[PDB]
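Trainee: Before we start, here is the structure in question, set down as C-alpha cells.
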Amino acid sequence: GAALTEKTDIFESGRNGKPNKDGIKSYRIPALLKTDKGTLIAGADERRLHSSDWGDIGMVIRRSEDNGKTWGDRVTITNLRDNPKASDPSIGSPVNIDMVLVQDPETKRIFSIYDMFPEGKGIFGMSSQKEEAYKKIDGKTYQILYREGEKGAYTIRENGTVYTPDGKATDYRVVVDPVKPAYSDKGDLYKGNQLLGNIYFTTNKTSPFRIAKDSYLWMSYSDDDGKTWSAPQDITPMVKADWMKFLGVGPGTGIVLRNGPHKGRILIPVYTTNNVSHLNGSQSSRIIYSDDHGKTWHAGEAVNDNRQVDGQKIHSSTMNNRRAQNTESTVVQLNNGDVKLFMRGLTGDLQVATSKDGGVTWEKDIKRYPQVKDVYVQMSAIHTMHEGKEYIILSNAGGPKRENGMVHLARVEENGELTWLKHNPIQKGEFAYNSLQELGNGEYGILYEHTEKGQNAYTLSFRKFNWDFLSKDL
Ligand SMILES: CC(=O)N[C@H]1[C@H]([C@H](O)[C@H](O)CO)OC(C(=O)O)=C[C@@H]1O
C-alpha cells in the first residue's frame with residue numbers, strides 16, 4: 001500500500017505577521033541533502049524581519065541522523081550583520097539569499113552556494129548602472145572598494161589591507177578572515193585598530209568604503225558532515241561575466257555527474273539577467289560547474305544562448321522576451337550521459353532543456369510537458385532507479401496558484417526522452433519551493449514550503465514517501 005508520512009515542521013515561521021519563538025518571522029527556500037553518512041541536511045533562508053527577498057537573512061541548516069525522525073539545533077552557515085544606522089531596517093542589511101547544497105562523493109566535502117548582495121533590496125534593488133567589482137593587478141584579482149568623492153577604485157589586498165587607486169597601502173583594513181559566530185564580522189572596515197563600519201553597508205555609512213553595488217555568489221563548505229562551515233568564499237569572479245547584471249543560484253540541491261566523459265563534475269543551477277531587460281525579459285537558466293572538487297568554478301552557456309525564438313536568434317545577454325525566459329531550475333543527469341534542466345518559466349507547463357556535453361551547451365529543442373503544470377515557482381527533481389528501470393521524480397505546485405503540492409513520476413528511456421506516468425498530491429493548501437532527496441530502500445524525502453492556520457510564508461516541513469506512493473493510485 002501507498003505510504004506517506006505526516007508532515008514534520010523543520011523551520012517554523014511566526015504567524016499573523018509576528019515573529020516566531022526565536023524572534024524570526026519567516027523561513028523560505030528549502031534545500032535537502034542526504035550525505036554519504038546517511039545524514040539529512042535541511043537548509044533554508046532564515047528571514048528574520050519579513051518574508052521579502054531581502055533584509056536580514058541567514059543561511060542556516062539542521063541535521064537529522066535518524067533519516068528525518070528527529071533534527072538537531074539550527075546551525076548558522078553565514079549571517080552578515082545589519083547596518084545599525086540604516087534608515088529603513090526592512091532593507092538595511094547586507095543580504096544572503098537562496099542556497100544550493102551538494103556533496104562531492106569523493107572528498108565528501110559539502111558545499112552551500114548562495115547569493116550575496118550588499119545592503120539593499122536584493123534583486124529588486126539593483127542599480128541601472130554597472131560598477132566594476134574587481135580589478136586585476138599583476139595576475140591578481142582584488143575586490144574593489146569605492147569612496148564617495150573619488151572616482152578611482154581602491155582595492156582589498158593581502159591581509160585585507162586597503163590600497164589606494166594609485167597602488168599605495170593605507171591604514172584601513174577589511175576583515176577578510178571573520179571569526180565571529182556566523183561570520184557576522186565579515187566585511188568590517190577598520191582604520192588602524194578602530195572599527196569604522198562595513199564595506200557591505202550602502203547607506204548612512206560611518207566608514208569611507210563600500211564594495212560595488214552588484215549581485216554576488218558566495219560559497220561555504222563543510223568537511224564534517226555539516227556540523228561546521230568555513231568562512232564565505234566569493235566565487236563571483238570565477239563565473240560572472242562583465243555583461244551579467246544578476247547572477248544567482250536556482251535554489252535546492254545540486255548534483256555530481258555519475259557517468260560519461262564529465263563524471264565527477266559538480267553542477268549548480270543558476271540564472272542571470274542582463275542590462276537590457278533585467279527582470280522583465282532576460283531571466284535565463286544555466287549552470288556553473290567544478291571539475292576539481294569545488295576548487296574552481298566555471299560558467300556553462302545559457303539555455304537561451306543562440307536559441308531560436310519566433311524565427312530569430314537570441315542571447316541571454318541581449319534578450320528582451322518575457323515568454324522565452326527560464327529562471328530557477330533543477331538539474332538531473334540521465335544514465336545515457338545526458339543532462340536535463342527543468343526550468344521555472346511562464347509557459348504554464350514544464351520546460352526542459354538537454355545537454356550532451358556535461359551542461360556546457362544546450363540543444364535547440366526545449367521540450368514542454370503539458371502533463372506537468374508550472375505556475376511559475378521553483379521545483380526540484382531527482383534521478384532514481386527502481387527494479388532496474390530509470391525514472392525521474394519531480395515536485396512542484398499543482399495550481400491554480402502556489403498550492404496543491406504534487407509529486408510527478410516520469411520514466412526515462414535510453415534516448416533520454418521522458419514519459420510522465422503519475423501525478424500524486426502530497427500537500428493540500430499553500431505549497432511553493434521544495435527539495436527532493438532519495439533516502440534509499442525505496443524511500444524518498446522532501447523539504448517544502450507550506451503555510452496554514454495563519455502562518456507566515458513559509459514554514460518548511462518534511463515528509464517521506466515510498467514507491468507505493470509514487471506509482472499506485474492514491
Ligand atoms: C534572489 C531572489 O530574489 N530569489 C527569490 C526569487 C526571485 O526573486 C525571482 O526568481 C525573480 O524573478 O523569487 C522568489 C519566489 O518565491 O518566487 C523567492 C526567491 O528567494
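Naming works like this for the C-alpha cells: A, B, ... for the chains as they're shown, residue 1 at the start of each chain, ligands 1 onward in shown order.
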Please return as a VMD selection string the residues found within 6 Å of ligand 1, counting only C-alpha atoms and all ligand atoms.
Mentor: chain A and resid 53 97 to 98 123 377
Trainee: May I have the residues within 9 Å of residue A:59 as a ChimeraX atom specification, using only C-alpha atoms and disregarding those fewer than 6 positions away in the same chain?
Mentor: /A:43-46,75-79,96-99,112,114,182
Trainee: Deliver the residues from the most recent selection as a file, using N, CA, C and O atoms, as a short mmCIF file (atom, residue, chain, number, x, y, z; two decimals), in the first residue's frame.
Mentor:
data_model
loop_
_atom_site.label_atom_id
_atom_site.label_comp_id
_atom_site.auth_asym_id
_atom_site.auth_seq_id
_atom_site.Cartn_x
_atom_site.Cartn_y
_atom_site.Cartn_z
N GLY A 43 18.49 22.79 4.57
CA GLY A 43 18.94 24.17 4.56
C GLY A 43 17.79 25.11 4.26
O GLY A 43 16.77 24.70 3.71
N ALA A 44 17.94 26.39 4.63
CA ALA A 44 16.90 27.36 4.36
C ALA A 44 17.38 28.78 4.60
O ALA A 44 18.45 28.99 5.16
N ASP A 45 16.56 29.73 4.15
CA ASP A 45 16.80 31.15 4.35
C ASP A 45 16.10 31.45 5.68
O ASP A 45 14.93 31.14 5.83
N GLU A 46 16.82 32.05 6.63
CA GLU A 46 16.23 32.42 7.91
C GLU A 46 15.95 33.92 7.80
O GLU A 46 16.85 34.73 8.01
N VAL A 75 21.99 25.29 12.68
CA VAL A 75 23.40 25.62 12.52
C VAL A 75 23.48 26.76 11.50
O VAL A 75 22.99 26.63 10.38
N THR A 76 24.07 27.89 11.91
CA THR A 76 24.17 29.03 11.01
C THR A 76 25.45 28.95 10.19
O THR A 76 26.54 28.82 10.74
N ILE A 77 25.30 29.02 8.87
CA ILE A 77 26.46 28.95 7.98
C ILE A 77 27.05 30.35 7.82
O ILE A 77 28.27 30.55 7.98
N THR A 78 26.19 31.30 7.50
CA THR A 78 26.59 32.69 7.30
C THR A 78 25.41 33.60 7.67
O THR A 78 24.26 33.31 7.36
N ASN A 79 25.70 34.69 8.38
CA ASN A 79 24.66 35.67 8.69
C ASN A 79 25.37 37.00 8.91
O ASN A 79 25.90 37.25 9.99
N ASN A 96 22.05 37.73 2.12
CA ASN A 96 22.43 36.43 1.58
C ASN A 96 21.07 35.83 1.32
O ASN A 96 20.14 36.00 2.11
N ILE A 97 20.92 35.16 0.19
CA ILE A 97 19.62 34.61 -0.15
C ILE A 97 19.71 33.50 -1.18
O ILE A 97 20.45 33.62 -2.16
N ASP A 98 18.94 32.44 -0.95
CA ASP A 98 18.86 31.27 -1.84
C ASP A 98 20.12 30.40 -1.87
O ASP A 98 21.15 30.81 -2.39
N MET A 99 20.03 29.18 -1.35
CA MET A 99 21.21 28.32 -1.38
C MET A 99 21.05 27.05 -2.19
O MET A 99 19.93 26.59 -2.45
N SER A 112 27.70 24.75 0.05
CA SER A 112 26.49 25.56 0.12
C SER A 112 26.86 26.80 -0.67
O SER A 112 27.77 27.55 -0.29
N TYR A 114 25.37 30.31 -2.34
CA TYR A 114 24.23 31.19 -2.21
C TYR A 114 24.54 32.60 -2.69
O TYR A 114 25.68 32.96 -2.90
N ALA A 182 28.76 32.82 12.94
CA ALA A 182 28.08 33.12 11.67
C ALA A 182 28.86 34.07 10.78
O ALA A 182 28.34 34.51 9.73
#
Trainee: Fewer than 2 positions away in the same chain doesn't count, so skip those; otherwise give me all residues within 10 Å of stretch 414-424 of chain A, counting only C-alpha atoms, as a PyMOL selection string.
Mentor: chain A and resi 333-340+354+367+369-372+390-395+398+404-412+426-427+469-474
Trainee: Tell me, as a PDB file with C-alpha atoms, in the first residue's frame, which residues lie within 9 Å of residue A:84, counting only C-alpha atoms; anything in the same chain fewer than 5 positions away does not count.
Mentor:
ATOM      1  CA  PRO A  89      15.559  48.335   8.817  1.00  0.00           C
ATOM      2  CA  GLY A  92      19.073  47.963   5.839  1.00  0.00           C
ATOM      3  CA  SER A  93      21.144  44.834   5.867  1.00  0.00           C
TER       4      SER A  93
END
Trainee: As a ChimeraX atom specification, please: every residue in stretch 330-374 of chain A that a backbone DSSP assignment puts in strand (DSSP E or B).
Mentor: /A:330-333,339-343,349-355,367-373
Trainee: Can you write out the residues you just picked, keeping C-alpha atoms, as an mmCIF file, in the first residue's frame?
Mentor:
data_model
loop_
_atom_site.group_PDB
_atom_site.id
_atom_site.type_symbol
_atom_site.label_atom_id
_atom_site.label_comp_id
_atom_site.auth_asym_id
_atom_site.auth_seq_id
_atom_site.Cartn_x
_atom_site.Cartn_y
_atom_site.Cartn_z
ATOM 1 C CA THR A 330 16.711 21.777 -11.071
ATOM 2 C CA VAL A 331 19.296 19.550 -12.729
ATOM 3 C CA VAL A 332 19.425 15.793 -13.313
ATOM 4 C CA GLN A 333 21.790 13.500 -15.211
ATOM 5 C CA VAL A 339 21.898 16.369 -18.532
ATOM 6 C CA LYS A 340 18.303 17.569 -18.131
ATOM 7 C CA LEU A 341 17.436 21.019 -16.811
ATOM 8 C CA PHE A 342 13.864 21.568 -15.628
ATOM 9 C CA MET A 343 13.350 25.314 -15.688
ATOM 10 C CA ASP A 349 3.879 23.937 -18.281
ATOM 11 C CA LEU A 350 7.151 22.131 -17.609
ATOM 12 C CA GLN A 351 10.069 23.321 -19.744
ATOM 13 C CA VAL A 352 13.141 21.118 -20.054
ATOM 14 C CA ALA A 353 16.490 21.692 -21.756
ATOM 15 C CA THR A 354 19.016 18.945 -22.591
ATOM 16 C CA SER A 355 22.811 18.993 -22.530
ATOM 17 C CA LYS A 367 10.562 20.456 -24.675
ATOM 18 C CA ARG A 368 7.333 21.387 -22.900
ATOM 19 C CA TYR A 369 5.290 18.819 -20.985
ATOM 20 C CA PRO A 370 1.587 19.743 -20.691
ATOM 21 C CA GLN A 371 1.314 16.799 -18.287
ATOM 22 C CA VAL A 372 3.178 18.822 -15.653
ATOM 23 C CA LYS A 373 1.719 22.255 -14.910
#
Trainee: With only C-alpha atoms as the counted atoms, please give the residues lying no more than 8 Å from stretch 317-325 of chain A, apart from itself and same-chain residues fewer than 2 positions off, as a ChimeraX atom specification.
Mentor: /A:243-244,273-277,280-284,304,309,314-315,327,345-347
Trainee: If you take only C-alpha atoms and a cut-off of 10 Å, which residues of stretch 73-183 of chain A touch stretch 287-303 of chain A, and what are their nearest atom pairs and distances in Å to one decimal, in chain and number order, as JSON lines?
Mentor:
{"residue": "A:103", "atom": "CA", "partner": "A:293", "partner_atom": "CA", "distance": 9.4}
{"residue": "A:104", "atom": "CA", "partner": "A:293", "partner_atom": "CA", "distance": 6.5}
{"residue": "A:105", "atom": "CA", "partner": "A:293", "partner_atom": "CA", "distance": 9.2}
{"residue": "A:106", "atom": "CA", "partner": "A:293", "partner_atom": "CA", "distance": 8.2}
{"residue": "A:107", "atom": "CA", "partner": "A:293", "partner_atom": "CA", "distance": 7.4}
{"residue": "A:108", "atom": "CA", "partner": "A:293", "partner_atom": "CA", "distance": 9.5}
{"residue": "A:109", "atom": "CA", "partner": "A:293", "partner_atom": "CA", "distance": 8.3}
{"residue": "A:110", "atom": "CA", "partner": "A:294", "partner_atom": "CA", "distance": 9.5}
{"residue": "A:111", "atom": "CA", "partner": "A:294", "partner_atom": "CA", "distance": 8.0}
Trainee: Report, in Å with one decimal, the straight-line distance from atom CA of residue A:214 to atom CA of residue A:142.
Mentor: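 Computed distance, atom CA of residue A:214 to atom CA of residue A:142, equals 15.5 Å.
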Trainee: Just checking: using only C-alpha atoms, which residue out of A:428, A:240, A:386, A:213 ends up closest to residue A:399?
Mentor: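 Checking each of A:428, A:240, A:386, A:213 against residue A:399, counting only C-alpha atoms, the winner is A:428.
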Trainee: Which residues come within 9 Å of residue A:159, counting only C-alpha atoms, excluding same-chain residues fewer than 5 positions away, as a VMD selection string?
Mentor: chain A and resid 173 to 177
Trainee: Keeping only N, CA, C and O atoms, write those residues as a PDB file, in the first residue's frame.
Mentor:
ATOM      1  N   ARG A 173      41.743  48.595   6.852  1.00  0.00           N
ATOM      2  CA  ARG A 173      41.800  47.159   6.649  1.00  0.00           C
ATOM      3  C   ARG A 173      40.404  46.555   6.716  1.00  0.00           C
ATOM      4  O   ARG A 173      39.536  47.034   7.452  1.00  0.00           O
ATOM      5  N   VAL A 174      40.193  45.508   5.934  1.00  0.00           N
ATOM      6  CA  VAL A 174      38.909  44.834   5.899  1.00  0.00           C
ATOM      7  C   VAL A 174      39.055  43.466   6.568  1.00  0.00           C
ATOM      8  O   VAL A 174      40.094  42.820   6.457  1.00  0.00           O
ATOM      9  N   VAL A 175      38.024  43.045   7.286  1.00  0.00           N
ATOM     10  CA  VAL A 175      38.046  41.729   7.909  1.00  0.00           C
ATOM     11  C   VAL A 175      37.736  40.746   6.788  1.00  0.00           C
ATOM     12  O   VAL A 175      36.576  40.588   6.381  1.00  0.00           O
ATOM     13  N   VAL A 176      38.793  40.130   6.260  1.00  0.00           N
ATOM     14  CA  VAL A 176      38.664  39.151   5.187  1.00  0.00           C
ATOM     15  C   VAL A 176      38.672  37.725   5.750  1.00  0.00           C
ATOM     16  O   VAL A 176      38.365  36.770   5.035  1.00  0.00           O
ATOM     17  N   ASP A 177      39.040  37.595   7.023  1.00  0.00           N
ATOM     18  CA  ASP A 177      39.062  36.311   7.720  1.00  0.00           C
ATOM     19  C   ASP A 177      38.248  36.459   9.008  1.00  0.00           C
ATOM     20  O   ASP A 177      38.804  36.563  10.102  1.00  0.00           O
TER      21      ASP A 177
END
Trainee: Could you list, as a list in words, every residue within 7 Å of stretch 125-140 of chain A, counting only C-alpha atoms and ignoring same-chain residues fewer than 3 positions away?
Mentor: residues 120, 121, 122, 143, 144, 211, 212, 213 and 214 of chain A
Trainee: Between A:2, A:10, A:113, A:33, which is the closest to residue A:69 once you count only C-alpha atoms?
Mentor: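 With only C-alpha atoms as the atom set, the closest residue is A:10.
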Trainee: Looking at only C-alpha atoms, which of A:440, A:72, A:149, A:17 is the one that sits closest to residue A:455?
Mentor: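 Comparing A:440, A:72, A:149, A:17 against residue A:455, the winner is A:17.
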Trainee: Measuring between only C-alpha atoms, which one of A:230, A:164, A:435, A:466 shows the shortest distance to residue A:180?
Mentor: A:230
Trainee: Can you list every residue in stretch 179-262 of chain A that DSSP puts in helix (DSSP H, G or I), as a PDB file with C-alpha atoms, in the first residue's frame?
Mentor:
ATOM      1  CA  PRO A 181      29.760  33.218  15.117  1.00  0.00           C
ATOM      2  CA  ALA A 182      28.078  33.120  11.673  1.00  0.00           C
ATOM      3  CA  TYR A 183      30.979  35.274  10.457  1.00  0.00           C
ATOM      4  CA  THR A 236      31.668  35.602  -8.292  1.00  0.00           C
ATOM      5  CA  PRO A 237      34.860  36.464 -10.266  1.00  0.00           C
ATOM      6  CA  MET A 238      35.186  32.885 -11.494  1.00  0.00           C
ATOM      7  CA  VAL A 239      31.788  32.754 -13.165  1.00  0.00           C
TER       8      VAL A 239
END
Trainee: Using only C-alpha atoms, pick whichever of A:188, A:234, A:65, A:357 has the shortest atom-to-atom distance to residue A:257.
Mentor: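 Smallest separation from residue A:257 among the options: A:357.
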